[PDB]
Amino acid sequence: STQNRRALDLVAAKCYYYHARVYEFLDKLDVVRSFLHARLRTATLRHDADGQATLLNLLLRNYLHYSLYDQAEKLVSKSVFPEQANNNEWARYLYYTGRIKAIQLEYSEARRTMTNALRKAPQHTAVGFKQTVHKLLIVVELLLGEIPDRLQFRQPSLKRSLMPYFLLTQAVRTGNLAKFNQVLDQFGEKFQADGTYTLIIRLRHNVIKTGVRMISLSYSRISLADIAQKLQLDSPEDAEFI
Amino acid sequence: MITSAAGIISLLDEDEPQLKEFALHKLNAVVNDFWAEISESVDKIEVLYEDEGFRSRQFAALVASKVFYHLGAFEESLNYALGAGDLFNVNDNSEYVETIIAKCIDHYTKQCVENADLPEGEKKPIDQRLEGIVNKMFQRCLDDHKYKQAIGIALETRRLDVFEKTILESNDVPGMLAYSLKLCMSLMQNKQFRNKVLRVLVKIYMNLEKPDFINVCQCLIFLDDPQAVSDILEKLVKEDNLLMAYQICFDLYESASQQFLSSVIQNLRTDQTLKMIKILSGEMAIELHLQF
Amino acid sequence: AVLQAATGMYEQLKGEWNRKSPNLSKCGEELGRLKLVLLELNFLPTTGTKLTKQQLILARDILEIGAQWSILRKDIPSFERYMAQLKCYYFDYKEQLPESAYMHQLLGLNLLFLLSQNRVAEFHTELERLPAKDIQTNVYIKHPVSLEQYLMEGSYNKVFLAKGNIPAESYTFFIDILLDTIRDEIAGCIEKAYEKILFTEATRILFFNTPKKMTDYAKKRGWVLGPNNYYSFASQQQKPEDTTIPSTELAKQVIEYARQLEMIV
Amino acid sequence: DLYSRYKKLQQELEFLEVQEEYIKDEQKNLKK
Amino acid sequence: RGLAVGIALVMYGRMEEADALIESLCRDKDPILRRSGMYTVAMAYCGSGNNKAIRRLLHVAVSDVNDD
Amino acid sequence: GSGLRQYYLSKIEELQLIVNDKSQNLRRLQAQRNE
């Protein structure tokens with residue numbers, strides 16, 4: 001903080017990362033927000049691209065750890081991430097921004113960011129980061145009405161971790177409320193511990209949406225009582241509004 | 001804590017002025033941490049400064065300046081920093097104070113540079129609050145004995161008054177004069193202002209206890225003032241310091257145009273004056289050269 | 001001294017509001033005078049350390065009655081003002097403060113409030129502030145979140161059924177505000193869904209009680225009634241207009257390709 | 001020397017713009 | 001050829017007061033008068049280091065029809 | 001105990017980053033021209 005060297009900023013960026021890490025295991029994460037914000041202005045005014053990228057990522061992780069999704073959105077709206085940043089810092093930024101967009105119903109921009117975060121992720125290490133981004137991208141792609149890639153569930157690293165989401169993706173794809181609710185009642189606790197439960201709940205609309213899409217794609221004229229049966233809705237009157 | 005400033009910001013649209021004042025005293029403590037959300041509520045905090053009757057309208061300007069400083073809109077940030085008036089303490093070591101100070105000087109410099117070449121009647125008046133802070137900024141170098149730094153900003157902001165003042169109050173006047181002269185020709189590419197710098201540089205040379213006349217004539221060739229050169233030389237004969245004018249003339253012939261020297265001869269006419277034009281006409285200087 | 005006076009003042013607001021016929025404007029003056037006193041007693045403490053908990057416990061209450069009083073007289077800005085301050089005392093200083101009994105009730109009102117004003121993006125953000133467990137268990141939180149899903153999937157039958165099974169009497173105001181929006185949304189589907197629907201057929205679709213309530217709404221929506229008690233919705237003729245080639249837009253795009261091939265040098 | 005360094009850098013920056021403008025111009029005519 | 005050198009010396013050390021003449025000479029269809037503009041830039045901007053003048057000389061050097 | 005030493009250095013370091021960017025870019029352009 002006292003020194004103003006130019007090469008030290010590259011060292012400083014790593015120090016700030018571990019400074020948030022020691023408090024991460026201290027479970028405070030709040031006294032660092034003032035330090036991170038104050039140091040971010042010090043880096044931004046000096047055009048310290050390396051420090052500014054790390055400081056912005058750590059703040060987003062700080063905000064997202066406490067579900068301060070409103071606070072984190074404001075910061076990313078005004079602050080500009082360094083274009084000449086490390087690919088490892090671009091990967092975190094694209095994930096953190098993509099997670100924010102997913103909560104704010106900006107699914108289309110979320111999908112692009114997490115896909116970019118996956119691309120910029122290290123090719124041989126950072127398995128855990130790949131898992132977390134894959135888990136959120138599967139939900140967003142399902143939340144966007146698209147279909148997740150079948151290949152990612154086949155990888156040895158992601159196979160066990162993406163299994164609850166593989167069953168959930170299957171339930172959404174067939175577009176039946178009965179199978180979607182079974183996954184939720186079976187893997188609800190896993191999704192909650194995963195930070196993806198709230199985005200899973202909105203998938204009920206997508207299950208109905210894609211189920212209706214298959215109904216029109218297949219039936220030239222279908223009874224509303226039949227539609228209620230194929231979507232496992234409550235009454236044909238409910239299928240009438242849907 | 002205080003993870004969301006929505007509650008504090010919510011204390012801004014109440015009709016009780018006391019309620020608003022307390023919220024402002026709460027925002028400034030968290031403006032360095034929660035500026036992102038206040039940035040979407042600035043329009044509710046600049047109206048407080050816009051209101052004339054508000055008790056803390058000067059405080060409202062200061063906090064809005066902090067939000068804009070964090071936001072990066074430095075042009076808007078300084079405009080409210082000047083609105084803070086006395087509450088924007090130039091003596092503070094805070095990053096916000098020093099960053100707005102830098103933006104103020106640059107903004108003042110651009111106006112003065114634009115104002116320098118403008119005609120007098122079209123000269124846009126620089127704001128008094130903007131001039132007052134830079135004058136305190138200029139005084140800091142004089143207080144801190146950083147005379148070379150104060151010389152440069154004086155040239156950038158085209159203020160010859162502070163430029164003149166810095167050289168005189170400086171401990172090493174001859175050294176500062178030489179440093180200023182070297183900058184005046186090597187770095188200044190605006191002739192109309194470079195002449196003004198030399199027009200005051202000649203004044204300091206005149207008011208020196210031992211007037212170093214040699215550099216004066218060099219500066220006067222740049223200014224193209226034969227009348228000044230003839231006058232300073234004519235009084236030199238009256239003051240009996242014939243040695244200096246003898247050296248002065250060889251410097252005129254070496255580094256001045258013949259039209260400049262020709263105009264000096266006529267003024268010299270209007271014994272020793274006859275030998276004086278002998279060097280200026282140059283038929284002596286080539287004689288020593290040819291003899292060399 | 002000041003804290004004791006404020007606590008005594010709070011009960012007289014508590015006593016008047018608790019009565020079966022609360023005195024709104026006469027509570028409002030008490031409310032306005034109470035917020036000024038809280039200002040001296042560390043209102044919204046910045047980075048609240050181990051200070052006195054009585055002020056923290058107190059200031060949370062006047063906002064709780066304050067937020068609940070705003071909907072009693074049915075004004076929007078007052079509720080946002082009080083709930084925004086109240087949210088600070090719910091999540092920030094929760095290490096010192098205990099879990100408020102009315103906290104989940106008032107948080108659900110805020111969530112249902114955002115739905116009534118269609119600020120659905122803000123609805124999910126404030127929803128993340130609550131733990132994932134009590135979203136699916138707490139009745140005061142389950143009702144708004146399930147109503148958002150019902151609105152999104154089109155379960156307009158359950159949206160109107162949400163009136164009956166509200167979790168508490170405080171939720172009534174925001175439900176009607178939502179139901180006014182639902183009425184236009186239901187009929188908005190009908191113009192694009194039904195090519196003709198019978199007069200009393202749309203009575204239950206629009207959830208209209210008296211047939212007269214259709215007549216005023218019909219002219220407001222400009223529905224040309226037919227002789228056979230049918231509404232003719234022939235409006236799909238305004239297709240995406242594939243009849244026109246967007247030549248300027250296409251010429252703009254093809255030129256850009258040529259630019260990305262030649263301008264590079 | 002603090003002002004001189006600032007001004008020397010300013011001229012060096014401005015010269016870099018001149019050099020980078022002439023290189024692009026030369027590349028256009030070298031292709032010709 | 002003699003005039004081209006002569007025209008430049010008329011406006012020696014004249015700084016920006018030779019802008020009107022220089023642009024007239026540089027746009028001329030005569031190759032020699034275009035050469036006079038180059039010399040005029042040299043004399044009008046001698047020792048000034050004017051990057052605007054250097055910008056003009058470099059432009060003509062790399063993009064001109066006459067090698068002289 | 002300084003005047004605009006912080007202000008000057010802020011201006012100087014801002015130019016140095018800009019200068020370094022253009023010198024890197026110019027050397028790329030010069031190599032393209034030389035080839």
# chains A, B, ... in the order shown; residues from 1 in each chain; ligands from 1
call {"tool": "interface_residues", "arguments": {"of": "chain B", "to": "chain A", "cutoff": "10 Å", "atoms": "only C-alpha atoms", "output": "VMD selection string"}}
result
chain B and resid 1 3 to 5 30 32 to 40 69 to 72 95 to 96 99
call {"tool": "closest_atom_pairs", "arguments": {"of": "chain E", "to": "chain B", "cutoff": "9 Å", "atoms": "only C-alpha atoms", "output": "Markdown table"}}
result
| residue | atom | partner | partner_atom | distance |
| --- | --- | --- | --- | --- |
| E:15 | CA | B:191 | CA | 8.8 |
| E:48 | CA | B:189 | CA | 7.2 |
| E:49 | CA | B:189 | CA | 8.6 |
| E:50 | CA | B:189 | CA | 8.0 |
call {"tool": "write_last_selection", "arguments": {"atoms": "C-alpha atoms", "output": "compact mmCIF listing (two decimals), in the first residue's frame"}}
result
# COMPACT_ATOMS: atom_id res chain seq x y z
CA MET E 15 7.15 29.28 -38.34
CA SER E 48 11.60 24.00 -34.42
CA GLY E 49 11.08 20.24 -34.44
CA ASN E 50 7.49 20.90 -35.49
call {"tool": "residues_around", "arguments": {"residues": "residue 146 of chain B", "least_positions_apart": "4", "cutoff": "8 Å", "atoms": "only C-alpha atoms", "output": "list in words"}}
result
residues 141, 142 and 150 of chain B; 2 and 3 of chain F
call {"tool": "atom_distance", "arguments": {"atom1": "atom CA of residue 132 of chain C", "atom2": "atom CA of residue 195 of chain A"}}
result
8.3 Å
call {"tool": "residues_around", "arguments": {"residues": "residue 62 of chain B", "least_positions_apart": "4", "cutoff": "9 Å", "atoms": "only C-alpha atoms", "output": "list in words"}}
result
residues 28, 57, 58, 66, 67, 77, 80, 81, 82, 83, 84, 85, 87 and 88 of chain B
call {"tool": "residues_around", "arguments": {"residues": "residue 198 of chain C", "least_positions_apart": "6", "cutoff": "7 Å", "atoms": "only C-alpha atoms", "output": "ChimeraX atom specification"}}
result
/C:229-231
call {"tool": "write_last_selection", "arguments": {"atoms": "N, CA, C and O atoms", "output": "PDB file, in the first residue's frame"}}
result
ATOM      1  N   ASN C 229     -72.585 -13.257 -29.965  1.00  0.00           N
ATOM      2  CA  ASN C 229     -71.893 -13.185 -28.677  1.00  0.00           C
ATOM      3  C   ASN C 229     -70.461 -13.704 -28.774  1.00  0.00           C
ATOM      4  O   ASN C 229     -69.973 -14.383 -27.867  1.00  0.00           O
ATOM      5  N   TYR C 230     -69.778 -13.389 -29.872  1.00  0.00           N
ATOM      6  CA  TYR C 230     -68.405 -13.818 -30.103  1.00  0.00           C
ATOM      7  C   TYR C 230     -67.538 -12.594 -30.349  1.00  0.00           C
ATOM      8  O   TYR C 230     -67.990 -11.625 -30.966  1.00  0.00           O
ATOM      9  N   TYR C 231     -66.300 -12.634 -29.864  1.00  0.00           N
ATOM     10  CA  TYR C 231     -65.315 -11.600 -30.168  1.00  0.00           C
ATOM     11  C   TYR C 231     -64.438 -12.089 -31.314  1.00  0.00           C
ATOM     12  O   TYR C 231     -63.783 -13.129 -31.202  1.00  0.00           O
TER      13      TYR C 231
END
call {"tool": "interface_residues", "arguments": {"of": "chain B", "to": "chain C", "cutoff": "10 Å", "atoms": "only C-alpha atoms", "output": "PyMOL selection string"}}
result
chain B and resi 1-14+16+18-19+22-23+26-27+29-30
call {"tool": "write_last_selection", "arguments": {"atoms": "N, CA, C and O atoms", "output": "mmCIF file, in the first residue's frame"}}
result
data_model
loop_
_atom_site.group_PDB
_atom_site.id
_atom_site.type_symbol
_atom_site.label_atom_id
_atom_site.label_comp_id
_atom_site.auth_asym_id
_atom_site.auth_seq_id
_atom_site.Cartn_x
_atom_site.Cartn_y
_atom_site.Cartn_z
ATOM 1 N N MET B 1 -20.526 -4.737 7.752
ATOM 2 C CA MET B 1 -21.974 -4.756 7.586
ATOM 3 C C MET B 1 -22.414 -3.735 6.544
ATOM 4 O O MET B 1 -21.729 -3.543 5.539
ATOM 5 N N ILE B 2 -23.546 -3.075 6.827
ATOM 6 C CA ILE B 2 -24.223 -2.090 5.979
ATOM 7 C C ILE B 2 -24.035 -2.533 4.526
ATOM 8 O O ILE B 2 -23.499 -1.804 3.687
ATOM 9 N N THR B 3 -24.427 -3.777 4.235
ATOM 10 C CA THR B 3 -24.174 -4.365 2.922
ATOM 11 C C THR B 3 -24.912 -3.646 1.803
ATOM 12 O O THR B 3 -24.440 -3.655 0.661
ATOM 13 N N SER B 4 -26.055 -3.035 2.094
ATOM 14 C CA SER B 4 -26.812 -2.288 1.101
ATOM 15 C C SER B 4 -27.017 -0.869 1.602
ATOM 16 O O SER B 4 -27.463 -0.668 2.736
ATOM 17 N N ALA B 5 -26.699 0.110 0.759
ATOM 18 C CA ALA B 5 -26.898 1.512 1.086
ATOM 19 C C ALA B 5 -28.267 2.015 0.658
ATOM 20 O O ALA B 5 -28.497 3.228 0.649
ATOM 21 N N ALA B 6 -29.178 1.109 0.295
ATOM 22 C CA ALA B 6 -30.514 1.526 -0.110
ATOM 23 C C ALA B 6 -31.249 2.207 1.036
ATOM 24 O O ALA B 6 -32.025 3.143 0.815
ATOM 25 N N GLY B 7 -31.024 1.747 2.267
ATOM 26 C CA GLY B 7 -31.665 2.378 3.409
ATOM 27 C C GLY B 7 -31.182 3.796 3.642
ATOM 28 O O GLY B 7 -31.982 4.700 3.891
ATOM 29 N N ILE B 8 -29.866 4.008 3.570
ATOM 30 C CA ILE B 8 -29.322 5.351 3.738
ATOM 31 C C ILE B 8 -29.772 6.252 2.597
ATOM 32 O O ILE B 8 -30.171 7.402 2.815
ATOM 33 N N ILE B 9 -29.718 5.745 1.363
ATOM 34 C CA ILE B 9 -30.193 6.511 0.216
ATOM 35 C C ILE B 9 -31.679 6.806 0.348
ATOM 36 O O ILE B 9 -32.156 7.862 -0.087
ATOM 37 N N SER B 10 -32.434 5.897 0.971
ATOM 38 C CA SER B 10 -33.861 6.122 1.158
ATOM 39 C C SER B 10 -34.143 7.304 2.074
ATOM 40 O O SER B 10 -35.280 7.784 2.114
ATOM 41 N N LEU B 11 -33.139 7.779 2.810
ATOM 42 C CA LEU B 11 -33.279 8.934 3.684
ATOM 43 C C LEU B 11 -33.031 10.251 2.959
ATOM 44 O O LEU B 11 -32.793 11.272 3.614
ATOM 45 N N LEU B 12 -33.079 10.254 1.626
ATOM 46 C CA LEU B 12 -32.788 11.449 0.847
ATOM 47 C C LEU B 12 -34.025 12.163 0.328
ATOM 48 O O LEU B 12 -33.973 13.379 0.127
ATOM 49 N N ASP B 13 -35.126 11.449 0.108
ATOM 50 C CA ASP B 13 -36.333 12.042 -0.448
ATOM 51 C C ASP B 13 -37.386 12.351 0.610
ATOM 52 O O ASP B 13 -38.543 12.608 0.263
ATOM 53 N N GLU B 14 -37.014 12.330 1.887
ATOM 54 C CA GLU B 14 -37.904 12.812 2.930
ATOM 55 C C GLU B 14 -37.948 14.338 2.923
ATOM 56 O O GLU B 14 -37.012 15.014 2.485
ATOM 57 N N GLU B 16 -38.033 16.273 5.555
ATOM 58 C CA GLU B 16 -37.356 16.874 6.695
ATOM 59 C C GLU B 16 -35.893 17.113 6.349
ATOM 60 O O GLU B 16 -35.169 16.146 6.076
ATOM 61 N N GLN B 18 -33.442 17.755 8.252
ATOM 62 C CA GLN B 18 -32.574 17.077 9.208
ATOM 63 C C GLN B 18 -32.351 15.623 8.813
ATOM 64 O O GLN B 18 -31.254 15.083 8.997
ATOM 65 N N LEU B 19 -33.385 14.972 8.276
ATOM 66 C CA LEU B 19 -33.247 13.580 7.860
ATOM 67 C C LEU B 19 -32.256 13.445 6.710
ATOM 68 O O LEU B 19 -31.438 12.518 6.690
ATOM 69 N N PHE B 22 -28.468 13.894 7.907
ATOM 70 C CA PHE B 22 -27.899 12.721 8.561
ATOM 71 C C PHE B 22 -27.482 11.667 7.545
ATOM 72 O O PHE B 22 -26.439 11.021 7.700
ATOM 73 N N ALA B 23 -28.288 11.474 6.500
ATOM 74 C CA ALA B 23 -27.954 10.488 5.479
ATOM 75 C C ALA B 23 -26.680 10.869 4.737
ATOM 76 O O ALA B 23 -25.864 10.000 4.406
ATOM 77 N N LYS B 26 -23.852 9.904 6.546
ATOM 78 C CA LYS B 26 -23.695 8.458 6.512
ATOM 79 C C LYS B 26 -23.141 7.972 5.182
ATOM 80 O O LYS B 26 -22.405 6.979 5.150
ATOM 81 N N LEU B 27 -23.480 8.652 4.086
ATOM 82 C CA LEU B 27 -23.002 8.240 2.770
ATOM 83 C C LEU B 27 -21.499 8.445 2.630
ATOM 84 O O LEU B 27 -20.805 7.598 2.057
ATOM 85 N N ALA B 29 -19.176 8.213 4.762
ATOM 86 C CA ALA B 29 -18.413 7.175 5.440
ATOM 87 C C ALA B 29 -18.359 5.882 4.644
ATOM 88 O O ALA B 29 -17.460 5.066 4.873
ATOM 89 N N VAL B 30 -19.296 5.676 3.718
ATOM 90 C CA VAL B 30 -19.360 4.468 2.909
ATOM 91 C C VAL B 30 -19.267 4.771 1.421
ATOM 92 O O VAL B 30 -19.518 3.892 0.598
#
call {"tool": "select_by_dssp", "arguments": {"residues": "segment 66-229 of chain A", "states": "helix (DSSP H, G or I)", "output": "PyMOL selection string"}}
result
chain A and resi 69-78+87-103+107-120+127-143+151-154+163-174+177-193+197-201+203-218+224-229
call {"tool": "closest_atom_pairs", "arguments": {"of": "chain F", "to": "chain A", "cutoff": "10 Å", "atoms": "only C-alpha atoms", "output": "tab-separated table"}}
result
residue	atom	partner	partner_atom	distance
F:10	CA	A:46	CA	7.6
F:13	CA	A:46	CA	8.1
F:14	CA	A:46	CA	7.7
F:17	CA	A:47	CA	8.6
call {"tool": "residues_around", "arguments": {"residues": "residue 33 of chain E", "least_positions_apart": "6", "cutoff": "10 Å", "atoms": "only C-alpha atoms", "output": "compact mmCIF listing (two decimals) with N, CA, C and O atoms, in the first residue's frame"}}
result
# COMPACT_ATOMS: atom_id res chain seq x y z
N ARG E 1 14.33 25.61 -60.79
CA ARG E 1 15.17 25.05 -59.74
C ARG E 1 15.72 26.15 -58.84
O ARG E 1 15.74 26.01 -57.61
N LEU E 3 14.39 29.18 -58.42
CA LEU E 3 13.27 29.76 -57.71
C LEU E 3 12.82 28.89 -56.55
O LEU E 3 12.46 29.41 -55.48
N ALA E 4 12.84 27.56 -56.73
CA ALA E 4 12.39 26.66 -55.67
C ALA E 4 13.22 26.85 -54.40
O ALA E 4 12.67 26.90 -53.30
N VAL E 5 14.54 26.96 -54.55
CA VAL E 5 15.38 27.27 -53.40
C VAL E 5 15.14 28.70 -52.94
O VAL E 5 15.15 28.99 -51.74
N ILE E 7 12.34 30.60 -53.16
CA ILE E 7 11.06 30.81 -52.50
C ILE E 7 11.13 30.38 -51.04
O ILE E 7 10.55 31.01 -50.15
N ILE E 22 3.05 27.18 -48.17
CA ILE E 22 3.47 25.78 -48.26
C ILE E 22 2.38 24.94 -48.90
O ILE E 22 2.63 24.15 -49.82
N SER E 24 0.05 25.92 -50.83
CA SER E 24 -0.07 26.31 -52.23
C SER E 24 1.01 25.64 -53.08
O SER E 24 0.74 25.20 -54.21
N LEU E 25 2.24 25.55 -52.56
CA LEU E 25 3.33 24.96 -53.32
C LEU E 25 3.21 23.44 -53.37
O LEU E 25 3.49 22.82 -54.40
N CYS E 26 2.82 22.81 -52.25
CA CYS E 26 2.77 21.36 -52.20
C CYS E 26 1.68 20.78 -53.10
O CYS E 26 1.83 19.67 -53.62
N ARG E 27 0.58 21.51 -53.29
CA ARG E 27 -0.51 21.06 -54.14
C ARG E 27 -0.27 21.37 -55.61
O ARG E 27 -1.10 21.01 -56.45
N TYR E 39 11.30 22.52 -49.36
CA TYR E 39 12.33 23.44 -48.89
C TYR E 39 11.73 24.54 -48.02
O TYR E 39 12.35 24.97 -47.05
call {"tool": "atom_distance", "arguments": {"atom1": "atom CA of residue 126 of chain C", "atom2": "atom CA of residue 71 of chain C"}}
result
19.4 Å
call {"tool": "closest_atom_pairs", "arguments": {"of": "chain B", "to": "chain D", "cutoff": "8 Å", "atoms": "only C-alpha atoms", "output": "tab-separated table"}}
result
residue	atom	partner	partner_atom	distance
B:148	CA	D:1	CA	7.4
B:149	CA	D:3	CA	6.2
B:152	CA	D:3	CA	5.5
B:153	CA	D:3	CA	8.0
B:183	CA	D:4	CA	7.7
B:187	CA	D:7	CA	7.0
call {"tool": "residues_around", "arguments": {"residues": "residue 231 of chain B", "least_positions_apart": "4", "cutoff": "12 Å", "atoms": "only C-alpha atoms", "output": "VMD selection string"}}
result
chain B and resid 213 216 to 217 220 225 to 227 235 to 238 245 263 to 270
call {"tool": "decode", "arguments": {"residues": "segment 148-224 of chain B", "atoms": "C-alpha atoms", "output": "PDB file, in the first residue's frame"}}
result
ATOM      1  CA  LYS B 148      11.531  23.609 -10.347  1.00  0.00           C
ATOM      2  CA  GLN B 149       8.160  21.855 -10.115  1.00  0.00           C
ATOM      3  CA  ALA B 150       6.347  25.168  -9.653  1.00  0.00           C
ATOM      4  CA  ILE B 151       8.154  26.647 -12.661  1.00  0.00           C
ATOM      5  CA  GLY B 152       6.811  23.950 -14.975  1.00  0.00           C
ATOM      6  CA  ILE B 153       3.149  24.192 -13.991  1.00  0.00           C
ATOM      7  CA  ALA B 154       3.366  27.982 -14.235  1.00  0.00           C
ATOM      8  CA  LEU B 155       4.441  27.586 -17.863  1.00  0.00           C
ATOM      9  CA  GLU B 156       1.772  24.963 -18.593  1.00  0.00           C
ATOM     10  CA  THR B 157      -0.983  27.142 -17.119  1.00  0.00           C
ATOM     11  CA  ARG B 158       0.497  30.247 -18.813  1.00  0.00           C
ATOM     12  CA  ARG B 159       0.743  32.232 -15.557  1.00  0.00           C
ATOM     13  CA  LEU B 160       3.777  34.511 -15.684  1.00  0.00           C
ATOM     14  CA  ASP B 161       2.915  35.994 -12.277  1.00  0.00           C
ATOM     15  CA  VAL B 162       3.581  32.735 -10.431  1.00  0.00           C
ATOM     16  CA  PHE B 163       6.371  32.092 -12.936  1.00  0.00           C
ATOM     17  CA  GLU B 164       8.017  35.389 -11.987  1.00  0.00           C
ATOM     18  CA  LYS B 165       7.325  34.825  -8.288  1.00  0.00           C
ATOM     19  CA  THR B 166       8.886  31.351  -8.209  1.00  0.00           C
ATOM     20  CA  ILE B 167      12.236  32.510  -9.603  1.00  0.00           C
ATOM     21  CA  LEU B 168      12.564  35.476  -7.239  1.00  0.00           C
ATOM     22  CA  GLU B 169      11.597  33.624  -4.056  1.00  0.00           C
ATOM     23  CA  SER B 170      13.823  30.684  -5.025  1.00  0.00           C
ATOM     24  CA  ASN B 171      17.114  30.388  -3.166  1.00  0.00           C
ATOM     25  CA  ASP B 172      19.161  29.797  -6.345  1.00  0.00           C
ATOM     26  CA  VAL B 173      17.996  32.615  -8.618  1.00  0.00           C
ATOM     27  CA  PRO B 174      20.791  32.311 -11.243  1.00  0.00           C
ATOM     28  CA  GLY B 175      20.317  28.547 -11.391  1.00  0.00           C
ATOM     29  CA  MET B 176      16.546  28.819 -11.749  1.00  0.00           C
ATOM     30  CA  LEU B 177      16.963  31.468 -14.452  1.00  0.00           C
ATOM     31  CA  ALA B 178      19.236  29.166 -16.458  1.00  0.00           C
ATOM     32  CA  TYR B 179      16.870  26.223 -15.994  1.00  0.00           C
ATOM     33  CA  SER B 180      13.925  28.395 -17.014  1.00  0.00           C
ATOM     34  CA  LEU B 181      15.766  29.729 -20.067  1.00  0.00           C
ATOM     35  CA  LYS B 182      16.691  26.231 -21.251  1.00  0.00           C
ATOM     36  CA  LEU B 183      13.048  25.173 -20.964  1.00  0.00           C
ATOM     37  CA  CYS B 184      11.942  28.407 -22.643  1.00  0.00           C
ATOM     38  CA  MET B 185      13.687  27.445 -25.893  1.00  0.00           C
ATOM     39  CA  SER B 186      13.977  23.645 -25.855  1.00  0.00           C
ATOM     40  CA  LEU B 187      10.415  22.797 -24.765  1.00  0.00           C
ATOM     41  CA  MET B 188       8.222  25.806 -25.574  1.00  0.00           C
ATOM     42  CA  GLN B 189       6.964  25.714 -29.169  1.00  0.00           C
ATOM     43  CA  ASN B 190       4.387  28.528 -28.847  1.00  0.00           C
ATOM     44  CA  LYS B 191       6.270  31.648 -29.924  1.00  0.00           C
ATOM     45  CA  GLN B 192       3.684  34.163 -28.708  1.00  0.00           C
ATOM     46  CA  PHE B 193       3.884  32.706 -25.199  1.00  0.00           C
ATOM     47  CA  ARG B 194       7.607  31.932 -25.344  1.00  0.00           C
ATOM     48  CA  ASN B 195       8.171  35.643 -25.939  1.00  0.00           C
ATOM     49  CA  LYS B 196       6.042  36.455 -22.885  1.00  0.00           C
ATOM     50  CA  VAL B 197       8.228  34.110 -20.834  1.00  0.00           C
ATOM     51  CA  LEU B 198      11.280  35.953 -22.158  1.00  0.00           C
ATOM     52  CA  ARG B 199       9.598  39.331 -21.614  1.00  0.00           C
ATOM     53  CA  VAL B 200       9.439  38.547 -17.901  1.00  0.00           C
ATOM     54  CA  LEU B 201      12.793  36.746 -17.925  1.00  0.00           C
ATOM     55  CA  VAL B 202      14.372  40.004 -19.111  1.00  0.00           C
ATOM     56  CA  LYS B 203      12.727  41.783 -16.169  1.00  0.00           C
ATOM     57  CA  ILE B 204      14.346  39.503 -13.575  1.00  0.00           C
ATOM     58  CA  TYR B 205      17.718  39.976 -15.280  1.00  0.00           C
ATOM     59  CA  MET B 206      17.205  43.750 -15.003  1.00  0.00           C
ATOM     60  CA  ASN B 207      16.323  43.633 -11.289  1.00  0.00           C
ATOM     61  CA  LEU B 208      19.292  41.427 -10.410  1.00  0.00           C
ATOM     62  CA  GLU B 209      21.854  42.984  -8.083  1.00  0.00           C
ATOM     63  CA  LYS B 210      24.579  42.418 -10.680  1.00  0.00           C
ATOM     64  CA  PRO B 211      22.669  42.505 -13.992  1.00  0.00           C
ATOM     65  CA  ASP B 212      23.975  39.604 -16.073  1.00  0.00           C
ATOM     66  CA  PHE B 213      23.713  41.575 -19.289  1.00  0.00           C
ATOM     67  CA  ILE B 214      25.025  38.826 -21.586  1.00  0.00           C
ATOM     68  CA  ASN B 215      21.967  36.579 -21.313  1.00  0.00           C
ATOM     69  CA  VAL B 216      19.685  39.604 -21.730  1.00  0.00           C
ATOM     70  CA  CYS B 217      21.027  40.333 -25.203  1.00  0.00           C
ATOM     71  CA  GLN B 218      20.643  36.671 -26.146  1.00  0.00           C
ATOM     72  CA  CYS B 219      16.999  36.730 -25.048  1.00  0.00           C
ATOM     73  CA  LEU B 220      16.466  40.041 -26.851  1.00  0.00           C
ATOM     74  CA  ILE B 221      17.617  38.587 -30.181  1.00  0.00           C
ATOM     75  CA  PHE B 222      14.847  36.004 -29.831  1.00  0.00           C
ATOM     76  CA  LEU B 223      12.365  38.763 -28.976  1.00  0.00           C
ATOM     77  CA  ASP B 224      13.628  40.834 -31.950  1.00  0.00           C
TER      78      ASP B 224
END
